[PDB]
Undergrad: 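Following this message is one structure expressed as structure tokens.
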Number of protein chains: 2
Amino acid sequence: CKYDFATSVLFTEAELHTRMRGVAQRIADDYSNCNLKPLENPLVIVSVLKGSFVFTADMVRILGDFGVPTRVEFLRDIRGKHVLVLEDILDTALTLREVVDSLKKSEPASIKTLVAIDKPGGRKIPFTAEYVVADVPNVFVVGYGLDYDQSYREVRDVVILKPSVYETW
Amino acid sequence: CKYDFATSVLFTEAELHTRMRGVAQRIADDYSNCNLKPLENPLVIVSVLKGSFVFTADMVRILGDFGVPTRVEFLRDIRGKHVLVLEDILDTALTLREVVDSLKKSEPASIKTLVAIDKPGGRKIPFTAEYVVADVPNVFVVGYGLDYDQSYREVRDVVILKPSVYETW
Ligand SMILES: Nc1nc2c(ncn2C[C@@H](COCCP(=O)(O)O)OCCP(=O)(O)O)c(=O)[nH]1
Ligand SMILES: Nc1nc2c(ncn2C[C@@H](COCCP(=O)(O)O)OCCP(=O)(O)O)c(=O)[nH]1
């Protein structure tokens, strides 16, 4: 392992960006029917959890490459607007269930979710994201915005943190 | 011009990243005397203005490459900690003057500022950022996190917005 604080690298930055491009093509296709436009009708990106800023920065740039204009809001007026909620990780689904339910009260045109890392085995309630960059098993990861006690967000890859790190802390 | 909404491209994403690497080397050198460490003593990145999330995402990853561990806070406990305030653009300096003065009240170990775009000719008060990625003349730019009425943040380059865009709006 190229990092002394990690036991395994699960997804490199290159692997994540390749998958993000695949997802962006699907988003571009799915929203082509919506006549999105800068200013007049952007896709509203709602970025949720502090760590999602890395994913959000990379994803909105990729979506722009694919012709999907956005505006960004951070949770860390959508009435009649299309909303895409972005989260770096989906685990119990308790965060997204609450966010999506709250945003629904403002009656957006539609609401969908995009997550960088899904941990499908972590659910405490049923929840399926419309778009998932990558799946992880039930292990604790850091990097690509994900932290351990506010550190390691800047690791370019998604990695499994060594037990020694969090015992030596 | 490669964009139909811009009259000029001022800095490409590639140009910005090259300059960010030069700045990161200076930051790494300047903070080598501080014994920064994940968890125990990270550099505290305070990211200011909604648009700074793109710059912040790219910069913390570059700083990690250069061995500078960070934690991030967004303004959009530092007592005894080193703080680096990041802003996508510095113009009148009124924002950073207030932010730096407020953070000083919590007595950090030190406080410095890093901005992606400086408009040196825009000052309403004297202010010099410790680290500047790029300088722009007194023109209104979008891209690399910078918006016009919440749109165009996702443009990968820093560009001059066409007058037609903001009259046709
Ligand atoms: N670093 C890291 N954080 C994890 C992980 N799983 C959940 N979390 C954190 C958990 C919340 O942590 C986000 C903390 P923030 O980025 O500092 O705001 O994700 C919640 C998703 P859920 O509501 O679907 O359960 C993981 O594997 N690694
Ligand atoms: N898009 C864009 N915004 C500019 C520009 N100059 C100032 N601003 C906006 C201005 C504040 O806008 C940030 C808006 P946010 O990113 O939505 O929160 O920057 C203030 C810096 P100052 O306190 O030193 O004067 C510019 O050229 N382009």
Side-chain angles (χ1 to χ4, degrees), chain A residues 11 16 19-38 40-64 66-75 77-138 140-141 144-147 153 158, chain B residues 50 53-54 57 72 74 147 150-151 153-154:
Chain A
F11 299 95
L16 290 167
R19 293 160 167 262
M20 286 165 72
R21 282 191 291 277
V23 169
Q25 182 60 84
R26 286 171 52 209
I27 291 171
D29 289 345
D30 295 341
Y31 287 83
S32 69
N33 283 15
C34 298
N35 189 34
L36 303 175
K37 281 185 55 180
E40 316 197 330
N41 189 35
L43 179 60
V44 185
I45 301 289
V46 177
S47 178
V48 174
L49 308 177
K50 189 160 66 170
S52 306
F53 76 107
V54 173
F55 179 42
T56 300
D58 287 355
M59 197 66 208
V60 301
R61 282 176 291 188
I62 293 174
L63 289 167
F66 282 80
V68 178
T70 53
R71 66 161 163 104
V72 70
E73 299 294 338
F74 294 98
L75 295 179
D77 207 7
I78 58 160
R79 203 142 222 130
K81 295 280 274 149
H82 298 280
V83 174
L84 185 60
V85 183
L86 264 63
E87 191 164 286
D88 49 7
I89 198 154
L90 166 55
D91 179 33
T92 71
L94 289 178
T95 304
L96 275 180
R97 166 84 287 138
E98 173 175 50
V99 172
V100 164
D101 287 355
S102 191
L103 291 162
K104 274 184 188 290
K105 305 220 104 189
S106 298
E107 204 170 8
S110 67
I111 180 144
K112 295 186 176 194
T113 59
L114 163 58
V115 306
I117 304 288
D118 188 11
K119 286 159 126 186
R123 291 294 187 274
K124 292 185 172 182
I125 56 177
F127 189 98
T128 296
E130 274 83 10
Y131 305 103
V132 174
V133 174
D135 273 5
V136 164
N138 289 346
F140 184 78
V141 298
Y144 203 63
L146 298 163
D147 72 304
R153 300 190 189 273
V158 175
Chain B
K50 189 160 66 170
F53 76 107
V54 173
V72 70
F74 294 98
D147 72 304
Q150 304 302 325
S151 283
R153 300 190 189 273
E154 73 269 29

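Below, read A as the first sequence line, B as the second, and so on, with proteins coming before strands; counting in each chain starts at 1. Side chains are part of it too, since the values below use all heavy atoms of this structure and drop only hydrogens, waters and symmetry mates.
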Undergrad: Of all residues at least two apart in sequence or in a different chain, which pass the side chain to side chain contact (heavy atoms under 4.5 Å, CB included) check with B:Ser151?
TA: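 Partners of B:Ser151 by the side chain to side chain contact (heavy atoms under 4.5 Å, CB included) criterion, ordered by chain and then number, come out as A:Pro38, A:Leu39, A:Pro42.
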Undergrad: Kindly compute the distance separating CD1 (A:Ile27) from CE (A:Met20), expressed to the nearest 0.5 Å.
TA: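 It comes to 9.0 Å.
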Undergrad: I'd like to check the side chain to side chain donor-acceptor pair (under 3.5 Å) partners of A:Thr56; sequence neighbours left out, ordered by chain and number.
TA: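 Applying side chain to side chain donor-acceptor pair (under 3.5 Å) to A:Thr56 gives A:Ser47.
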Undergrad: Apply side chain to side chain contact (heavy atoms under 4.5 Å, CB included) to A:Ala28 and list each qualifying residue two or more places apart in sequence or on a separate chain.
TA: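 With neighbours one apart ignored, the set is A:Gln25, A:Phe66, A:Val68.
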Undergrad: Return the set of residues passing ring-ring contact (aromatic ring centres under 6.0 Å, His included) with A:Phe55 (not counting sequence neighbours), or none when no residue passes.
TA: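 A:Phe55 satisfies ring-ring contact (aromatic ring centres under 6.0 Å, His included) with no residue once adjacent residues are dropped.
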Undergrad: Locate the shortest heavy-atom distance separating A:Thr70 from B:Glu154; write the atom from each residue and the value.
TA: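 Scanning both residues, the minimum pair turns out to be N-OE2, 3.2 Å.
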Undergrad: Write down the atom of A:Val158, the atom of A:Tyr144, and the distance for their closest heavy-atom approach.
TA: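 The pair with the smallest heavy-atom distance is CG2-CB, 3.7 Å.
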Undergrad: Is the closest side-chain heavy-atom distance between A:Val60 and B:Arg153 below 4.5 Å?
TA: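 The answer is no; the side chains never approach within 4.5 Å.
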Undergrad: In Å and rounded to the nearest 0.5 Å, what is the OG1 to CG distance from A:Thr128 to A:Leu96?
TA: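 Output value for this atom pair is 11.5 Å.
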Undergrad: Taking only residues two or more places apart in sequence or in another chain, which ones pass side chain to side chain contact (heavy atoms under 4.5 Å, CB included) with A:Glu130?
TA: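 Side chain to side chain contact (heavy atoms under 4.5 Å, CB included) list for A:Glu130, sorted by chain: A:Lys112, A:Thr113.
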Undergrad: Where do A:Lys81 and A:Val44 come nearest, in terms of heavy atoms and distance?
TA: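 Minimum heavy-atom separation between A:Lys81 and A:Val44: CE-CG2, 3.8 Å.
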Undergrad: Not counting sequence neighbours, list each pair that qualifies as a salt bridge (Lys or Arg N to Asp or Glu O under 4.0 Å) and has a residue in residues 26-38 of chain A.
TA: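 Counting only pairs at least two positions apart or across chains, the salt bridge (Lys or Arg N to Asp or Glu O under 4.0 Å) contacts touching residues 26-38 of chain A are A:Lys37-A:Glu40.
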Undergrad: Please identify each residue that fulfils salt bridge (charged side-chain N to carboxylate O under 4.0 Å, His left out) with A:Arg97, with sequence neighbours left out.
TA: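 For A:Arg97 the salt bridge (charged side-chain N to carboxylate O under 4.0 Å, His left out) partners, ignoring immediate neighbours, are A:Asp101.
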Undergrad: Apply side chain to side chain contact (heavy atoms under 4.5 Å, CB included) to A:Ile111 and A:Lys104, showing your working.
TA: CA-CA 8 Å; A:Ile111 180 144; A:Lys104 274 184 188 290; 3.6 Å; yes
Undergrad: For a quick test of reading the model, state the closest non-hydrogen atom pair linking A:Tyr31 to A:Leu36 and the distance between them.
TA: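 Smallest interatomic distance, heavy atoms only, reads CB-CD1, 3.7 Å.
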Undergrad: Does a side-chain heavy-atom distance below 4.5 Å link A:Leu90 with A:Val132?
TA: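 Not in contact.
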Undergrad: Which residue pairs pass the salt bridge (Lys or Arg N to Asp or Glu O under 4.0 Å) test with at least one member in residues 115-127 of chain A, sequence neighbours excluded?
TA: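 Residue pairs with at least one partner in residues 115-127 of chain A: A:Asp118-A:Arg123.
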Undergrad: Between atom CD1 of A:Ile117 and atom CG of A:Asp88, what is the distance when rounded to the nearest 0.5 Å?
TA: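 It is 8.5 Å, given to the nearest 0.5 Å.
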Undergrad: Please report the shortest heavy-atom distance between A:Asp77 and A:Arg71, naming the atom on each side.
TA: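 Shortest heavy-atom separation between A:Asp77 and A:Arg71 comes out as O-NH2, 2.9 Å.
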Undergrad: In terms of ring plane angle, is the pair A:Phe74 and B:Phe74 parallel, tilted or perpendicular, where the classes change at 30° and 60°?
TA: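 Ring orientation, 0 to 90° scale: parallel.
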Undergrad: Distance check, rounded to the nearest 0.5 Å: A:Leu16 atom CG versus A:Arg21 atom CZ?
TA: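 Nearest 0.5 Å value for the CG-CZ distance: 10.5 Å.
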Undergrad: What's the separation between atom OH in A:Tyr131 and atom CG in A:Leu86, rounded to the nearest 0.5 Å?
TA: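 Rounded to the nearest 0.5 Å, the OH-CG separation comes out at 11.0 Å.
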Undergrad: Sequence neighbours left out, what passes salt bridge (charged side-chain N to carboxylate O under 4.0 Å, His left out) with A:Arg61? Give chain and number order.
TA: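 Testing A:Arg61 for salt bridge (charged side-chain N to carboxylate O under 4.0 Å, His left out), a comparison that skips the adjacent residues, returns A:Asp58, B:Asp58.
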Undergrad: Write down the atom of A:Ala24, the atom of A:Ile62, and the distance for their closest heavy-atom approach.
TA: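 Shortest heavy-atom contact: CB-CG2, 3.5 Å.
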Undergrad: Output all residues satisfying side chain to side chain donor-acceptor pair (under 3.5 Å) with A:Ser32, sequence neighbours left out; order by chain, then residue number.
TA: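 For A:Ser32, no residue satisfies side chain to side chain donor-acceptor pair (under 3.5 Å) once neighbours in sequence are set aside.
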Undergrad: Salt bridge (charged side-chain N to carboxylate O under 4.0 Å, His left out) with A:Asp91: which residues, sequence neighbours excluded?
TA: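 Listed in chain order: nothing, the list is empty.
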Undergrad: For the backbone of B:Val72 and the side chain of A:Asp147, can you confirm whether one donor and one acceptor N or O come within less than 3.5 Å of each other?
TA: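 No; judged by distance alone, with no hydrogens or angles, the pair does not exist.
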Undergrad: How long is the straight-line distance from CG of A:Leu63 back to CG of A:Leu114, given to the nearest 0.5 Å?
TA: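 It is 7.5 Å, given to the nearest 0.5 Å.
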